[PDB]
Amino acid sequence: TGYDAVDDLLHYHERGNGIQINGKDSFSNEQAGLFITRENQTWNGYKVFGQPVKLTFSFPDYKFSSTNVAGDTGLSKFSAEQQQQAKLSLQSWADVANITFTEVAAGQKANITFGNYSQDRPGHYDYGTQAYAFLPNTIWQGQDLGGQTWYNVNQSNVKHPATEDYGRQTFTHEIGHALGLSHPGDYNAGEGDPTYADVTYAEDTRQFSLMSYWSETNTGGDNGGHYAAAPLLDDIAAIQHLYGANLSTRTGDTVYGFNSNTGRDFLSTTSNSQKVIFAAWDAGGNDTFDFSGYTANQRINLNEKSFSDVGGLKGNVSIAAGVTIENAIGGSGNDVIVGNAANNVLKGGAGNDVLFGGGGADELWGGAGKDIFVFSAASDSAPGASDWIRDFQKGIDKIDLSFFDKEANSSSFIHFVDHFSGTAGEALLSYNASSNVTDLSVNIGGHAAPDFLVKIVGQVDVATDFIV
């Protein structure tokens, strides 16, 4: 049934509350954020949390023959392409927490610096390392190393971050360290051989945090060979814990995905081939997840902290804690679209879709195809805040009320009548041929009056259009 599909999406990636996944403990979004910042170091001071911060950054002109604090040499300044991508990574962190970044001249002392290295010793090129950075307040010989980030330019992804997404992710990851974030678990490579089996909690994967090195496939995600460019779900919790949530970000009506007005590369796409991977942070307005241009079967959940399967990928889109996204538009595939307690405009597009509005007064459009509109509570469409199904086609679309009889474990609870009598479970269809509107009223609670009312544009055939 349509309800089965909804129920499935609602319990996708449940976490915390004593759950154990992969033989590992499951941490909630909150716990993961705290664990990722377990070093307690911030630019505001040790254990000083929730305060804004203003930081400077620059691209120093390093001398090739110079040796850095780590012992690496064959140094160089960031190229134009590298600088451009580093600035995009910085902004992605500034979008979510109260952090202000300001670029200073190559000579001026800056809090965060970017530099390339190519040799582990003079005259010897290093093809084995990727990058590293120092957390704030890292003191060495009376000097703070905090804010320094270094990258192995012999790696093509580091040299070409604009075309190699792992390079862009690396910039975001190292800057994360420079801001106070650690990897989600303790494990040393090089002089150690860690694997996902060495994680502290199940959600330590690239599906939840880009501070992680473990594949998203470990938790059931699948990014189709791509890498997230910006802070993921648990990274947002981590960074906002340190510097507070940015309440000024995208406060207007924002569109994510296709036809985006975000002005962010990782939140926008112009074709079915260009895949999105992101955790959405949005501080206000009436917002829309527009995934209309994708052909794959998608699963879109508008609940906060929940995961969606978008554009042919799995668990690649999520919504941060405290964010309310209002609308969703599916693509040409057979989609499952689950709304939240707010008023939502849900559009299935072509294909056979399953739409679930949840609470609030929702506006549901099945579009072309055999669509199913699902309900599981009187509050889903309360009289006075009724849902509207705007394009119902009798004999083609369906209204799924199967939840009620299943819960009641009775085939006679929900049953259609031609007139009410106060009995619980009575359902009544009222068709107005002049206005082309059908009222579906149900007395679920067994009150004097119906406690559930859906308004439908179009005729409904009781003999063929319901799943009970």
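Start at 1 with the first residue shown and count on from there.
Taking the PDB entry as given, 137-145 carries the higher mean Cα B factor of the two stretches 137-145 and 353-361. Checked against the record, the higher mean CA B factor of 416-424 and 65-73 lies with 416-424.
Residue set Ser318, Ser381, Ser260, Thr163: peak C-alpha B-factor at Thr163 (per PDB entry). By the numbers in the PDB entry, the CA B factor is greatest at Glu39 among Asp405, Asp439, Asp400, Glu39. Placement of the Cα temperature factor of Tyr294 within the chain: middle third of the modelled residues, per the deposited record. When the CA B factors of the chain's modelled residues are split into thirds, the value for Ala433 lands in the lowest one. Sort the modelled residues of the chain by CA B factor and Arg264 lands in the middle third. In this PDB entry, the Cα temperature factor of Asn218 sits in the middle third of its chain's modelled residues. Residue-level temperature factors show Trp388 in the lowest third of its chain, judged at the C-alpha atom.
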